[PDB]
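Residue numbers (the entry's author numbering), protein chains in the order written: chain Bc, 55 to 138; chain BU, 30 to 251; chain Bh, 35 to 196; chain BP, 58 to 211; chain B1, 10 to 54; chain Bl, 63 to 100; chain Bb, 2 to 98; chain BQ, 17 to 192.
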Amino acid sequence: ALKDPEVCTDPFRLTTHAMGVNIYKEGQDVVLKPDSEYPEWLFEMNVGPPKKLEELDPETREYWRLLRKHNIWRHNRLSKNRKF
Amino acid sequence: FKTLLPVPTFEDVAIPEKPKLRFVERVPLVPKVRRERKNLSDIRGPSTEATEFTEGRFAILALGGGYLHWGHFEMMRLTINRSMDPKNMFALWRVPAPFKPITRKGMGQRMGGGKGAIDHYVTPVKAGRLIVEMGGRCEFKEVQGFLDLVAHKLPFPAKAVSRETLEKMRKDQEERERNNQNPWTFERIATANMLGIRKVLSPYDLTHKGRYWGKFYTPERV
Amino acid sequence: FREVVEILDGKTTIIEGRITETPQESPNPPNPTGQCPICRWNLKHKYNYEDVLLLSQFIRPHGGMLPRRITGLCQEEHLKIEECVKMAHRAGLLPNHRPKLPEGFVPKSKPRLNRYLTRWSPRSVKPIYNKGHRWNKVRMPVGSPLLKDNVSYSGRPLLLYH
Amino acid sequence: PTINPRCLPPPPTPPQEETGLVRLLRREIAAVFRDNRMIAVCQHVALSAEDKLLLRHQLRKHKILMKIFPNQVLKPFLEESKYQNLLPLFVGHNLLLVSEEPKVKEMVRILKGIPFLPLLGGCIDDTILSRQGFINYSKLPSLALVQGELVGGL
Amino acid sequence: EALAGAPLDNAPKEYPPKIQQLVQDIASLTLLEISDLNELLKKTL
Amino acid sequence: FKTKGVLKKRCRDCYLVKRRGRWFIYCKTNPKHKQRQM
Amino acid sequence: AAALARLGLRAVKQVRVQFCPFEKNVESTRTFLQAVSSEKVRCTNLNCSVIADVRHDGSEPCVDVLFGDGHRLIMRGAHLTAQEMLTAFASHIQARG
Amino acid sequence: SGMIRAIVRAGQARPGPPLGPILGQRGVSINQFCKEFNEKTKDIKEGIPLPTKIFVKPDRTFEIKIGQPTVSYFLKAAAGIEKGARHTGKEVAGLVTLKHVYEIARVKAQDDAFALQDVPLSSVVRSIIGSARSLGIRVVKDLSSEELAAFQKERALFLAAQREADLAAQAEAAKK
RNA sequence: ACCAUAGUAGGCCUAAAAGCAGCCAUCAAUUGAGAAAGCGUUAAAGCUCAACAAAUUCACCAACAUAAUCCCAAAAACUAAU
Ligand code: FES
Ligand SMILES: [K+]
Ligand SMILES: [K+]
Ligand SMILES: [Mg+2]
Ligand SMILES: [Mg+2]
Ligand SMILES: [Mg+2]
Ligand SMILES: [Mg+2]
Ligand SMILES: [Zn+2]
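The structure is reproduced here in structure tokens:
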């Protein structure tokens with residue numbers, strides 16, 4: 055019985071307006087501003103797959119951030135033989 | 030604060046199709062209608078077949094000798110299949126299906142008459158022969174956990190070993206043999222026939238070097 | 035050495051620690067390049083349960099033994115010292131290192147049975163009712179295997195099991 | 058062996074190599090001690106996760122940030138630096154407060170709002186102060202007011 | 010180099026020597042230089 | 063108790079202790095974990 | 002800290018800690034302060050005020066407690082260790098309650 | 017006495033599951049929630065999920081605070097798809113530009129989870145992208161109407177293939 | 001020892017699947033913390049373990065019941081041993 059409200063299917067409006075952003079009944083669709091006015095840092099993030107271990111740099115926290123994550127993965131696998 | 034040690038990476042390992050252990054038949058397809066003598070030299074002495082890894086990185090090393098029949102194959106197959114991850118682990122048999130017939134004469138009858146009827150089939154295993162070889166993209170610590178359970182239930186004493194561990198116990202059986210501070214060793218006395226000891230020793234003791242007695246293999250004897 | 039003093043003065047409790055002067059190590063050891071105290075004074079493989087003057091420097095005032103971290107002994111020697119102290123207490127030596135209990139000394143018991151070189155504890159050994167013949171003989175342990183590396187002037191190995 | 062190797066003097070000490078993570082913390086400590094004018098030390102206290110996050114938000118209102126550094130890479134760095142006199146404050150658990158354009162009137166008020174968050178000390182513009190010195194510095198006027206009254210006295 | 014010893018309020022008696030020498034330097038100037046010093050300070054501050 | 067050959071900890075609160083010349087597995091939360099070496 | 006939470010700190014009225022952080026024999030007092038000021042210990046009586054007095058030349062690291070019965074436990078921790086201070090605090094709670 | 021994490025449609029608190037057995041177990045009637053929460057928000061469309069925090073007090077009273085909607089509904093509405101991808105990674109559920117993710121960041125920047133930490137704008141957008149990694153929607157640098165339109169037709173054909181395949185699968189299970 | 005907070009009931013799935021039937025992915029806030037290592041719940045909640053800091057003796061492994069007329073030399077850890 056509980057379902058999400060109907061969404062827009064017009065390609066022209068979806069590519070120019072984000073329908074899901076406006077959640078107020080009294081609100082309106084926020085018109086797309088030119089991409090030049092957009093900050094340059096939103097066109098710099100890793101859109102594709104996440105960085106591997108080698109693409110990072112040892113003199114950067116990103117390498118240690120990912121290496122910390124890998125240590126937890128290694129410790130979790132070795133703990134599969136817990137009898138407790 | 031501690032040290033972030035690097036983690037091993039396993040990306041060059043390819044998992045073959047059907048990684049679980051293959052089913053083994055209770056009796057070979059063509060039965061042996063001729064009953065042969067119970068050779069016991071197939072257990073005595075060191076193994077010459079299947080003493081090295083082929084594809085995997087972990088295996089069960091047979092320290093002693095013994096016979097494996099269809100019951101032990103079921104125990105090895107069922108335990109490994111339900112305890113490993115098929116996506117990351119693949120296992121391979123290192124012993125053939127049971128082929129040597131074992132004879133059991135009827136209950137309660139006088140000696141004589143001849144060899145009885147064929148009861149079951151066994152697989153002879155010597156000392157130092159790998160039984161089940163497993164490989165994959167996982168470390169040895171977790172593979173060792175559920176392999177010692179299988180190795181404990183085998184007839185002959187056995188251990189769960191890997192590529193690095195097996196070489197270390199072979200590189201220490203030579204260092205312990207090179208630095209021995211005892212002038213007299215079984216190899217020197219037996220071969221040279223000192224004290225007329227050949228009357229007590231067996232002709233196979235020249236090759237065994239005193240490390241093998243019957244089907245029992247003591248690795249601490251130099 | 036530091037001691038703790040607790041005082042009750044009219045519903046007020048005061049707890050303070052006072053430092054007492056501590057005897058220091060002797061100035062000149064025969065082997066200055068040693069690591070642990072035992073082998074620094076050439077006492078390696080040369081002490082036994084009788085050497086009270088040595089075992090009385092690695093024990094607490096109430097019979098306990100100091101931790102290996104404080105003393106600095108190596109693990110191999112620390113276990114040997116621990117074994118000797120246990121054997122010394124059971125042997126009857128070190129009489130001033132027992133705790134004081136005024137209520138318990140009055141009810142005397144059966145007189146103490148003199149003993150020495152007791153490996154186990156008196157309350158944890160069961161009589162050997164079925165000893166056995168010479169081909170399977172239950173031998174009563176004497177001393178500890180940790181002290182089999184001591185120097186033997188006679189040259190005969192020490193008989194630990196008899 | 059004639060003499061057990063344990064009793065023999067230890068072998069020459071192998072040279073430990075500092076990794077990237079250790080060297081990363083070395084320059085961050087150097088950076089946070091270089092471009093920042095106010096460095097306030099504090100005794101870190103185990104608080105509620107909601108309360109700890111609330112403290113971060115409140116300090117954000119006055120541009121005050123807080124960072125935590127392990128003593129393994131901080132004590133050797135401060136020993137060789139010009140702030141060696143803060144070493145007694147960095148023996149146990151610790152917390153570091155960082156601010157630009159220092160102003161402790163809005164910082165002490167937050168600290169006094171929680172009675173169990175001690176303010177050990179710190180260095181303000183290459184000058185080491187105690188808690189009382191921080192309190193006196195808090196009641197002290199700003200540069201404009203003090204300098205404006207300086208010409209009045211002269 | 011090294012930093013200061015962080016004197017306390019229990020026995021606060023030692024003022025910085027840099028202030029003391031500045032007082033002597035200021036006091037070692039004539040009233041004409043007082044006006045010059047004041048005017049420069051007023052212009053800057 | 064349960065006279066057993068090899069002692070294993072069934073839960074993380076079991077603590078080994080050697081009394082009367084034998085090792086005993088004593089547990090506080092679950093008394094059923096009490097084991098005794100033979 | 003975990004020991005104090007299980008023992009019911011609700012019978013403690015007021016705790017104050019006076020120490021000089023710039024001294025050498027105040028490490029023990031710091032550890033005692035962090036244990037009694039932990040989140041678990043705090044959530045036992047929402048009336049108890051923990052005071053962390055900080056001085057420089059006081060030269061007397063001390064801890065003062067007042068129990069519900071009305072006794073005054075004051076221990077000057079300069080040579081005592083953190084374990085000794087906490088254990089004494091724990092012992093008085095059971096007796097005075 | 018505790019905290020309750022419940023997602024309720026705007027002004028659609030039903031006197032039943034999942035609100036009934038959960039909120040009523042602590043000792044709070046639903047008719048109280050039929051007036052408080054429903055009147056709490058009246059300018060928000062019903063059917064849009066809203067993660068709400070309920071703090072039940074020892075006197076059986078309660079407090080309600082409303083946060084921003086979930087990321088799942090935002091990106092599904094941004095991509096115009098009714099549900100997420102069944103197999104994430106194998107298939108792409110929806111295609112959106114960087115404007116949708118960036119614009120969502122401001123809406124969620126005022127959420128109590130992110131606003132309290134005063135996270136920068138770059139913090140929120142990465143979380144939305146990370147959420148889209150598991151949601152099946154691929155972020156696109158920039159696209160136009162026809163590029164999006166082509167994806168819709170391809171998605172419909174694959175959806176229709178799975179829609180009818182599921183119908184056959186259910187029939188196979190029942191008959192066998 | 002000490003210590004636990006973000007998106008977020010991730011998608012799918014199911015009567016309900018909130019780290020914890022299964023499928024799929026395994027990104028991401030914070031100096032710090034795994035779309036989860038274990039327990040638990042109908043589902044949640046909750047406890048614990050990895051990561052913060054603190055801090056630094058050492059810690060792979062080695063446990064196995066009993067017979068019948070009455071146990072069975074006595075006893076002993078150092079005075080010099082090819
Ligand atoms: S280190 Fe030489 S005897 Fe202890
Ligand atoms: K066996
Ligand atoms: K699940
Ligand atoms: Mg991360
Ligand atoms: Mg932990
Ligand atoms: Mg029995
Ligand atoms: Mg007799
Ligand atoms: Zn237990």
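Every residue, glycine too, gets a C-beta built ideally from N, C-alpha and C.
What did DSSP end up calling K66 (chain Bl) once you bin it into helix, strand or coil? Along the sixth sequence, read from residue 1 onward, the residue named residue 66 (chain Bl) stands at position 4. Residue state, collapsed to three classes: strand.
Measure the alpha-carbon distance for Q35 (chain Bb) versus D177 (chain BU) and round it to whole angstroms. As a first step, residue 35 (chain Bb) is located in the seventh sequence; it is residue number 34 there, counting from the start. As a first step, residue 177 (chain BU) is located in the second sequence; it is residue number 148 there, counting from the start. So the alpha carbons of these two residues sit roughly 46 Å apart.
Assuming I181 (chain BP) contacts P145 (chain BP) under a Cβ cut-off of 8 Å, what Cβ separation, rounded to an integer in Å, is found between them? Indexing the fourth sequence from 1 puts residue 181 (chain BP) at position 124. Indexing the fourth sequence from 1 puts residue 145 (chain BP) at position 88. The Cβ separation is near 18 Å, so there is no contact.
Could you tell me whether the Cβ of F23 (chain Bb) comes closer than 8 Å to any Cβ of chain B1? For the purposes of this step, residue 23 (chain Bb) is identified with residue 22 of the seventh sequence, where counting begins at 1. Cβ-Cβ to chain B1 under 8 Å: yes for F23 (chain Bb).
Which residues does DSSP pair with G179 (chain BP) in a beta bridge? For the purposes of this step, residue 179 (chain BP) is identified with residue 122 of the fourth sequence, where counting begins at 1. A97 (chain BP) and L186 (chain BP).
Any idea what DSSP makes of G100 (chain BQ), helix, strand or coil? By one-based count along the eighth sequence, residue 100 (chain BQ) stands at place 84. In the three-state reduction of the DSSP assignment, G100 (chain BQ) falls in the coil class, being assigned neither a helical nor a strand state.
Quick check: the Cα distance between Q99 (chain Bl) and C76 (chain Bl), rounded to an integer number of angstroms? As a working mapping, residue 99 (chain Bl) is identified with position 37 in the sixth sequence. As a working mapping, residue 76 (chain Bl) is identified with position 14 in the sixth sequence. C-alpha separation (whole angstroms): 15 Å.
Got a sec? Which residues, its chain only, sit under 6 Å from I49 (chain Bh) by beta carbon, not counting five neighbours each side? Residue 49 (chain Bh) sits at position 15 when you count from the first residue of the third sequence. Within the same chain, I49 (chain Bh) has close Cβ partners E40.
Please indicate yes or no: does the CB of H181 (chain BU) lie closer than 7 Å to some heavy atom of ligand 2? Your numbering for residue 181 (chain BU) matches position 152 in the second sequence. Indeed, a heavy atom of ligand 2 lies less than 7 Å from the Cβ.
Mind pulling the chain Bc residues with CB within less than 7 Å of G174 (chain BU)? Reading the second sequence from its first residue, position 145 is the one you call residue 174 (chain BU). Those within 7 Å of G174 (chain BU) in chain Bc are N135.
Taking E10 (chain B1) as the query, report the chain BP residues whose CB atoms sit under 7 Å from its CB, ordered along the chain. Indexing the fifth sequence from 1 puts residue 10 (chain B1) at position 1. By Cβ distance, chain BP contributes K139.
Is any heavy atom of ligand 4 found at a distance shorter than 7 Å from the C-beta of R119 (chain Bc)? Translated into the one-based positions of the first sequence, residue 119 (chain Bc) becomes position 65. The beta carbon of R119 (chain Bc) sits closer than 7 Å to at least one heavy atom of ligand 4.
Buried or exposed by the 16-neighbour rule on C-beta atoms within 10 Å, applied to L111 (chain BP): As a working note, residue 111 (chain BP) is residue 54 in the fourth sequence. Classification for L111 (chain BP): exposed.
In angstroms, rounded to a whole number, what distance separates the CA positions of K115 (chain BQ) and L207 (chain BP)? In the eighth sequence, counting from the first residue as 1, residue 115 (chain BQ) sits at position 99. In the fourth sequence, counting from the first residue as 1, residue 207 (chain BP) sits at position 150. The straight-line gap from Cα to Cα measures roughly 56 Å.
On the CB-based measure, 16 or more other CB atoms within 10 Å of its CB, does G93 (chain BU) come out buried or exposed? The residue given as residue 93 (chain BU) occupies position 64 in the second sequence. Buried, by the Cβ-count rule.
Under 8 Å between C-beta atoms, does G51 (chain Bh) make it to chain Bb? For the purposes of this step, residue 51 (chain Bh) is taken as the residue at position 17 of the third sequence. Yes, because at least one Cβ of chain Bb sits closer than 8 Å to the Cβ of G51 (chain Bh).
Taking the alpha carbon of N164 (chain Bh) as the point to measure from, which residue in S155 (chain Bh), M174 (chain Bh) and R146 (chain Bh) has its own alpha carbon closest? Taking the third sequence and counting its residues from 1, one reaches residue 164 (chain Bh) at position 130. The shortest Cα separation from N164 (chain Bh) among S155 (chain Bh), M174 (chain Bh) and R146 (chain Bh) belongs to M174 (chain Bh).
When you compare only the Cα positions, how much space is there between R102 (chain BQ) and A103 (chain BP)? Locating residue 102 (chain BQ) in the eighth sequence gives position 86, where the first residue counts as 1. Locating residue 103 (chain BP) in the fourth sequence gives position 46, where the first residue counts as 1. In this structure, the alpha-carbon of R102 (chain BQ) lies about 43 Å from that of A103 (chain BP).
Proximity test, Cβ basis, 8 Å: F97 (chain Bc) and chain Bl: The sequence position of residue 97 (chain Bc) within the first sequence is 43, counting from 1. For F97 (chain Bc), the answer is no, since every Cβ of chain Bl falls outside 8 Å of its Cβ.
Given a cut-off of 8 Å on the beta-carbon distance, is the pair residue 28 (chain BU) and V172 (chain BU) in contact? Nothing about residue 28 (chain BU) can be reported from this structure: the residues present for chain BU run from 30 to 251 only.
N-terminal and C-terminal residue of the alpha helix (DSSP H) that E65 (chain BU) is part of: What you label residue 65 (chain BU) is simply residue 36 of the second sequence in a count that begins at 1. Taken as a continuous stretch (DSSP letters only), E65 (chain BU) belongs to no alpha helix (DSSP H), as it is neither H nor E.
Looking at C-alpha atoms only, which residue of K228 (chain BU), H98 (chain BU), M104 (chain BU) and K144 (chain BU) is the closest neighbour of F128 (chain BU)? On the second sequence, position 99 is the one that residue 128 (chain BU) refers to. Answer by Cα proximity: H98 (chain BU).
According to DSSP, simplified to helix, strand and coil, what is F86 (chain Bl)? Here residue 86 (chain Bl) corresponds to residue number 24 of the sixth sequence, with the count starting at 1. Strand at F86 (chain Bl).
Where does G74 (chain BU) land, buried or exposed, given buried means 16+ other C-beta within 10 angstroms? Mapped onto the second sequence, residue 74 (chain BU) falls at position 45. Buried is the call here.
Near-chain BP residues of the stretch 49 to 67 of chain Bb (beta-carbon distance less than 8 Å), N- to C-terminal order: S50, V51, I52, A53, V55, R56 and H57
Using beta-carbon positions only, say whether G164 (chain BU) and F87 (chain BU) come within less than 8 Å of one another. What you label residue 164 (chain BU) is simply residue 135 of the second sequence in a count that begins at 1. What you label residue 87 (chain BU) is simply residue 58 of the second sequence in a count that begins at 1. Closer than 8 Å, so yes.
Could you pull the start and end residues of the beta strand (DSSP E) that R153 (chain Bh) belongs to? Numbered from 1 along the third sequence, position 119 holds the residue referred to as residue 153 (chain Bh). Here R153 (chain Bh) belongs to no beta strand (DSSP E), and DSSP marks it neither H nor E.
Cα-Cα separation between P103 (chain Bc) and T114 (chain Bc), rounded to whole angstroms: As a working note, residue 103 (chain Bc) is residue 49 in the first sequence. As a working note, residue 114 (chain Bc) is residue 60 in the first sequence. Using only the alpha carbons, I get a separation of about 19 Å.
Using 8 Å as the threshold, is the stretch 102 to 112 of chain BU in touch with the stretch 192 to 211 of chain BU, meaning 3 or more CB pairs across them? no
Flag this pair as yes or no: are the beta carbons of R192 (chain BU) and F82 (chain BU) separated by less than 8 Å? Counting from 1 along the second sequence, the entry for residue 192 (chain BU) is found at position 163. Counting from 1 along the second sequence, the entry for residue 82 (chain BU) is found at position 53. Contact: yes.
Who are the near neighbours of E116 (chain Bc) in its chain, counting only those whose CB is closer than 6 Å to its CB and skipping five residues on each side? Numbered from 1 along the first sequence, position 62 holds the residue referred to as residue 116 (chain Bc). So the qualifying residues of the chain are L110.
What does the alpha-carbon distance come out to for the pair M164 (chain BP) and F90 (chain BP)? Working through the fourth sequence from its first residue, we reach residue 164 (chain BP) at position 107. Working through the fourth sequence from its first residue, we reach residue 90 (chain BP) at position 33. Their backbone Cα atoms lie some 19 Å apart in a straight line.
Assuming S156 (chain BP) is part of the beta strand (DSSP E), what are its boundary residues? For the purposes of this step, residue 156 (chain BP) is taken as residue 99 along the fourth sequence, with counting starting at 1. That run of the beta strand (DSSP E) goes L152 to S156.
Candidates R82 (chain Bl), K70 (chain Bl), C73 (chain Bl) and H95 (chain Bl), of which the one nearest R157 (chain Bh) by Cα: By one-based count along the third sequence, residue 157 (chain Bh) stands at place 123. Per the Cα distances, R82 (chain Bl).
Give the residues of chain BP in contact with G68 (chain Bh), contact being defined as C-beta atoms less than 7 Å apart. Here residue 68 (chain Bh) is taken as the residue at index 34 of the third sequence, counted from 1. Correct list: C64.
Residues of the stretch 129 to 160 of chain BQ in Cβ contact with chain BP at a cutoff of 9 Å, in chain order, please. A131, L132, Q133 and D134
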